[PDB]
Structures are given as C-alpha cells and as structure tokens.
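Undergrad: Chains as they are written, first to last, in the authors' numbering: chain Y, 14 to 382; chain X, 2 to 55; chain T, 56 to 110.
Think of the CB as a built atom: it goes at the ideal place given N, C-alpha and C, for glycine as much as any other residue.
Sharing a structure with you now.
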C-alpha cells in the first residue's frame, strides 16, 4: 500500500481570466496592445447668453499592453542509468509528478499576481463579526462602478475558519439557516452576495475579491521543435504544456523538459488606480508560541519555534524574536533557537498586528538541558 | 541574429472605462410644464390655491 | 522553475525526484490462555463454548 504526500488542491487557474487574446507571436516585443474606448464630457451653457461659443469636448482612446515575459518549466536530469533500473511505469512515476509540479507553479504564479497588486488599502476583518468587512468590500467595488456579475471571492484557510466560527453564521437564529451549514458542516457558502472559494495558495489570513476583468493570464504552448527526439503536449489544469525529451550527450542520459510561456497583467484604470479588486486581511489581537515551554535535546540543541495568532494563522515568518539570556540560548530571526549553555532562557516574540499599533508580545521559556 | 518585422495588433477584449449607472432621471417629476416659449422671461407661474382658517 | 522569456542565459535548473518509504513491523503478541485440570474440564465445565471460548 502507499500513502500520498500532502499536496494542496488547485482552484486559482479556473477563477482567473485566461487567454482573452492570443497571437502574441505576431506582435512587436510579444506585446498586444489593448484599446480602451473613449468617453466624452459634456458642457453647460446659459440660455440667452450674449456669447455663443461652445467648448469642444475630446475623444481620446486609451490603451495598455499585455506581454509574455515568463517561461515556466520543470526540467529533469533523468540519467539513463536510473531508467530501467528504479523507475517503472514512466507515465505515473515521473510524468505525473512533473505535470503536478508545473501546475502548482502556475497556481503560485497566479497567486503572486493576485496578492502582488497595487491595493491601496486593506479591509480589516474583525473575527467577532466578519460580515461588515465583506459588505465593505462589496461597497468599495460598488463605488468604482464595477459590474456586479462574474465577481470571484477567494479566502484563505484562516478566513474560512473565522467565518465558520462567527456567531453570525453559527447561530441559526442569527443566520436564518435552520440547518446550520456552518455548525453541522463547517462550510459557510454564500455571504454578502458573493460565493466563497477556499484556497491555500493565497496567504492564510487574506481574502481577495475581484471582477473577471481585473487580472489577465496569457499562455502559449511552445511548439514542439522538429529536432526533438520525443515530443508531446501533456495538458494541465486548462493549460497545454509542451514536453520534450533529449536522449543522449553530456551524460548519455535522458533530459526532459515540460514548459509553457506565461504572462500576467493587472488591469489598472486609465488614471493608474486599481479599483477592480479589493483585499481583506484578518485582524489579529494576540500571539502565542505553539508548544509552550519546552526543553532541547542537547546543550547545543536546535528547535524551530512556531507562533500562531489567536486566529490560528502561523506568524513565524512575520515575527521578531529576542532572547532574555543569550548566554544560555539564542534565537534566530526565523524562530530557530539554538542553545549554548545549560539552563533556562526566556524568548520573546513580537508581532506587529495588521491593524497597526503596538506589537503583540508572547513570552516562552526554553530549558536547554 | 535573426531579425523579424511584425505588426502591433491592437486588440479589444471588453475592458472599458467604468461608468456610473443611471437611475435618477426616471425618479423626478419631469415636464409638468411645457409652454415655456409663450411666457415672459421663459418663466411659467404655478398657482397654489388659497386656504383659510375659521 | 521559471525563467525570463528571450533570456540570453539559456540554462535550465534540473529538479529532483526522491521517493521515500517507511516500515511497519510486528512487535507484540496478544494472547489469552486458560489451563484446565482434567477434573475441571470433566465436571466443573458444563458448556465449553459459553464458559471458556466466549470469555
């Protein structure tokens, strides 16, 4: 029998505008220019005014550019000694992991696109009541006259858990769902008029709401060259990758490459302000080091600390660590603690909250043997 | 190396400048008076009837 | 991995496929044993499948 390694699901590639336009090859610098049609301004005169001149309006079309600028690949140095030696059923022991790796890389690419956008403010989600934050997000997207259809909402694991824990969705009288789909099932489905899609690619304590015309992904399958011994077009989650395999030379072993050309764009407005998507972050109030007080294996032992906020989000990568007594044990900037002498020490973790202000502080005791 | 000559390919993919919806004109009392031409200073007077107290 | 398009540095970073395994081994002997003298088996025990096997 076999147990698979734990790998996340794939949601993002289906929720993003993909290949609106093609034929990047027949354009200068591999850029397609998208034309935004013009709008006009009117004017107001006064009746029976002695001067009879009219202010002539203007009709200026705008434009932006979409470009292919990245090339995602998963190369394998598949030495021929390994082939027919340990690798059996090539179609499932190497090809499937390679395809899955490229799919996960594309999902990470889209996730970096979505998270890395010019969001001028972040909408704070109060864990006690979360609906006001989502209603505020809807209101923000309504102030920009964004269409109300084809709006996608993606929430991290922490936000979904907080929504389920919210008394607004958990108490039946407060939600009107006399089946408690947030208590029997741990799944709140619809709120503030938008569906919920759970993802782990995005940061755990963040949610993003975007219109369809806010992010653009452009894909191109590389053409299988004539001089390639083995070529195929193994597909992916809506993407057609290209797989090509050299057989010899250098090491007299196989070398495989599974790749696709990719490009991203965030559709900003004509004034360079991003209003077609909004982001929300879960408000945090306290942090605690998981595991509490502990002891190391040796005097020079190493243990990797982990800090969770009150919402369960791990904030290890976002915390500053200090040691009360470094002569007995010191703590790195990434949470790793190494002992240098026998005895106890006190470690302080400081985390600036998303809402801002005084950082939350959590103190733990480490007893190096 | 190789040098190619290629167009620009301006495209339209449905991205348009965002505009407000129009809901106000159908809500206000429009055109109860029309004969503005046949009146002095283009002004039509409206007469509110008298009321009295006992 | 990802690389820039039309990059003159035409190199590819190879990836690694490592497959692990772990074992489950037998280490305990769960037993229940009953010893009956011949008199006990003859006289004292009246119904074997109810007085001995079931417990």
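#1: So is residue 98 of chain Y in contact with chain T if we call contact Cβ pairs under 9 Å?
#2: So which residues on chain X does residue 36 of chain Y lean against when the C-beta distance must stay under 8 Å?
#3: Comparing alpha-carbon positions, which option in Y:356, Y:372, Y:374 lies nearest residue 381 of chain Y?
#4: Would you call the region 44 to 64 of chain Y and the region 184 to 200 of chain Y in contact, with 3 or more CB pairs under 8 Å?
#5: In the structure shown, what three-state DSSP assignment does residue 107 of chain T receive?
#6: Mapping the DSSP letters down to three states, classify residue 155 of chain Y as helix, strand or coil.
#7: Do residue 222 of chain Y and residue 327 of chain Y have their CB atoms nearer than 9 Å?
#8: Taking the C-alpha atoms as reference points, what is the distance between residue 316 of chain Y and residue 309 of chain Y?
#9: Could you give the distance in angstroms between the alpha-carbon of residue 181 of chain Y and the alpha-carbon of residue 144 of chain Y?
#10: Would you say residue 59 of chain T reaches chain Y, if we count a Cβ-Cβ gap shorter than 9 Å as a contact?
#11: Quick one: Cα of residue 5 of chain X to Cα of residue 73 of chain T, how far?
#12: What three-state label does DSSP hand residue 89 of chain T in the structure shown?
#13: Write down the C-beta distance between residue 87 of chain Y and residue 271 of chain Y rounded to the nearest angstrom, noting that I regard them as a contact closer than 8 Å.
#14: What is the rounded straight-line gap between the Cα of residue 35 of chain X and the Cα of residue 28 of chain X?
#15: According to DSSP, is residue 179 of chain Y helix, strand or coil?
#16: So the candidates are Y:148, Y:264, Y:265; which of them puts its Cα closest to the Cα of residue 207 of chain Y?
#17: In chain X, which residues lie less than 9 Å from residue 115 of chain Y when you measure between Cβ atoms?
#18: For residue 131 of chain Y, which residues in the same chain have their Cβ closer than 6 Å to its Cβ, ignoring the five residues on either side in sequence?
#19: Counting pairs of Cβ atoms below 8 Å between the region 240 to 256 of chain Y and the region 106 to 123 of chain Y, do you hit three or more?
#20: So if I threshold CB-CB distances at 7 Å, which residues from the region 68 to 82 of chain T count as touching chain Y?
#21: So which residues of chain Y does residue 14 of chain X contact, with C-beta pairs closer than 7 Å?
#22: Would you mind telling me which residues of chain X sit closer than 7 Å to residue 50 of chain Y, beta carbon to beta carbon, in chain order?
#23: Taking DSSP's pairing of strands, which residues face residue 350 of chain Y in a bridge?
#24: Can you tell me which of Y:224, Y:341, Y:237, Y:156 puts its alpha carbon nearest to the alpha carbon of residue 162 of chain Y?
#25: When DSSP labels each residue in this structure, what does residue 204 of chain Y get in the three-state scheme?
#26: For a minimum of 3 consecutive residues, which ranges assigned as the beta strand (DSSP E) are wholly contained in the region 224 to 248 of chain Y?
#27: Quick one, which of Y:188, Y:226, Y:331 has its alpha-carbon nearest residue 49 of chain Y's?
#28: Is the beta carbon of residue 123 of chain Y sitting closer than 9 Å to the one on residue 33 of chain Y?
#29: For chain Y, is any of its Cβ atoms less than 9 Å away from the one on residue 62 of chain T?
#30: Kindly give me the distance between the Cβ atoms of residue 228 of chain Y and residue 127 of chain Y, rounded to whole angstroms, as I take these residues to be in contact under 8 Å.
#31: Skipping 5 residues on each side, what residues in its chain have a beta carbon closer than 8 Å to that of residue 45 of chain X?
#32: From the DSSP output, in three-state form, read off residue 221 of chain Y for me.
#33: Counting only Cβ pairs nearer than 7 Å, list the residues of chain Y close to residue 7 of chain X.
#34: Who are the neighbours of residue 226 of chain Y on chain X, taking C-beta pairs under 9 Å?
#35: So, is residue 42 of chain X buried or exposed, given that buried needs 16 or more other C-beta atoms within 10 angstroms?
#36: Check this for me: beta carbons of residue 319 of chain Y and residue 344 of chain Y, under 9 Å apart or not?
TA: Reading it off the structure:
#1: Within the first chain, numbered from 1, the residue matching residue 98 of chain Y stands at position 85. No - not a single Cβ of chain T is within 9 Å of the one on residue 98 of chain Y.
#2: The residue you call residue 36 of chain Y lines up with position 23 of the first chain. By Cβ distance, chain X contributes 10.
#3: For this step, residue 381 of chain Y is matched to residue 368 along the first chain. Nearest option by C-alpha distance: Y:356.
#4: no
#5: As a position in the third chain, residue 107 of chain T is number 52, starting the count at 1. If DSSP states are grouped into helix, strand and coil, residue 107 of chain T belongs with the helices.
#6: Numbered from 1 along the first chain, position 142 holds the residue referred to as residue 155 of chain Y. The answer is helix: DSSP assigns residue 155 of chain Y an H, G or I state.
#7: In the first chain, counting from the first residue as 1, residue 222 of chain Y sits at position 209. In the first chain, counting from the first residue as 1, residue 327 of chain Y sits at position 314. Not in contact: residue 222 of chain Y and residue 327 of chain Y (Cβ atoms no closer than 9 Å).
#8: The residue given as residue 316 of chain Y occupies position 303 in the first chain. The residue given as residue 309 of chain Y occupies position 296 in the first chain. Taking the straight line from one Cα to the other gives about 7 Å.
#9: The residue you call residue 181 of chain Y lines up with position 168 of the first chain. The residue you call residue 144 of chain Y lines up with position 131 of the first chain. Approximately 8 Å between the Cα atoms of the pair.
#10: Taking the first residue of the third chain as 1, we reach residue 59 of chain T at position 4. By this cut-off, residue 59 of chain T is an interface position.
#11: Within the second chain, numbered from 1, the residue matching residue 5 of chain X stands at position 4. Within the third chain, numbered from 1, the residue matching residue 73 of chain T stands at position 18. Rounded to whole angstroms, residue 5 of chain X to residue 73 of chain T spans 44 Å at the Cα level.
#12: Sequence index remark: in the third chain, residue 89 of chain T carries index 34 (1-based). Residue 89 of chain T: coil per DSSP, three-state reduction.
#13: Counting from one through the first chain, the residue named residue 87 of chain Y turns up at place 74. Counting from one through the first chain, the residue named residue 271 of chain Y turns up at place 258. Their Cβ separation, rounded to whole angstroms, is 5 Å, which keeps residue 87 of chain Y and residue 271 of chain Y in contact under 8 Å.
#14: Within the second chain, the letter at position 34 stands for residue 35 of chain X. Within the second chain, the letter at position 27 stands for residue 28 of chain X. Approximately 18 Å between the Cα atoms of the pair.
#15: Along the first chain, read from residue 1 onward, the residue named residue 179 of chain Y stands at position 166. Coil at residue 179 of chain Y, not helix or strand.
#16: Position 194 of the first chain, counting from 1, holds the residue named residue 207 of chain Y. Considering only alpha carbons, the answer is Y:148.
#17: Here residue 115 of chain Y refers to the residue found at position 102 when the first chain is read from its first residue. Chain X residues near residue 115 of chain Y: none, gap ~26 Å exceeds 9 Å.
#18: Position 118 of the first chain, counted from the first residue, corresponds to residue 131 of chain Y. So the list reads 287, once near-sequence residues are dropped.
#19: yes
#20: 68, 69, 70, 72
#21: As a working note, residue 14 of chain X is residue 13 in the second chain. Near residue 14 of chain X (Cβ distances below 7 Å), the residues of chain Y are 33, 34, 47.
#22: Stepping through the first chain from its first residue, residue 50 of chain Y is reached at position 37. Here the neighbours are 17.
#23: As a first step, residue 350 of chain Y is located in the first chain; it is residue number 337 there, counting from the start. The partner list for residue 350 of chain Y (beta bridge, DSSP) reads Y:316, Y:344.
#24: For this step, residue 162 of chain Y is matched to residue 149 along the first chain. When each option's Cα is compared against that of residue 162 of chain Y, the closest is Y:224.
#25: In the first chain, counting from the first residue as 1, residue 204 of chain Y sits at position 191. DSSP places residue 204 of chain Y in strand when its eight states are reduced to three.
#26: 228 to 233, 243 to 245
#27: Position 36 of the first chain, counted from the first residue, corresponds to residue 49 of chain Y. Residue Y:226 is the option with its Cα nearest to residue 49 of chain Y.
#28: Locating residue 123 of chain Y in the first chain gives position 110, where the first residue counts as 1. Locating residue 33 of chain Y in the first chain gives position 20, where the first residue counts as 1. Taking 9 Å as the Cβ cut-off, residue 123 of chain Y and residue 33 of chain Y do not qualify as a contacting pair.
#29: For the purposes of this step, residue 62 of chain T is taken as the residue at position 7 of the third chain. Cβ-Cβ to chain Y under 9 Å: yes for residue 62 of chain T.
#30: Within the first chain, the letter at position 215 stands for residue 228 of chain Y. Within the first chain, the letter at position 114 stands for residue 127 of chain Y. Yes, residue 228 of chain Y and residue 127 of chain Y are in contact; Cβ-Cβ is about 6 Å, under 8 Å.
#31: As a first step, residue 45 of chain X is located in the second chain; it is residue number 44 there, counting from the start. Answer for residue 45 of chain X: 34, 36, 37, listed in chain order.
#32: For the purposes of this step, residue 221 of chain Y is taken as the residue at position 208 of the first chain. Here residue 221 of chain Y sits in strand by DSSP.
#33: Here residue 7 of chain X is taken as the residue at index 6 of the second chain, counted from 1. By Cβ distance, chain Y contributes 39, 40, 41.
#34: Taking the first residue of the first chain as position 1, residue 226 of chain Y is located at position 213. Near residue 226 of chain Y (Cβ distances below 9 Å), the residues of chain X are 14, 15, 16, 17.
#35: Locating residue 42 of chain X in the second chain gives position 41, counting from the first residue. When all chains shown are included, residue 42 of chain X counts as exposed.
#36: Your numbering for residue 319 of chain Y matches position 306 in the first chain. Your numbering for residue 344 of chain Y matches position 331 in the first chain. Against a cut-off of 9 Å, the Cβ pair of residue 344 of chain Y and residue 319 of chain Y comes out as no contact.
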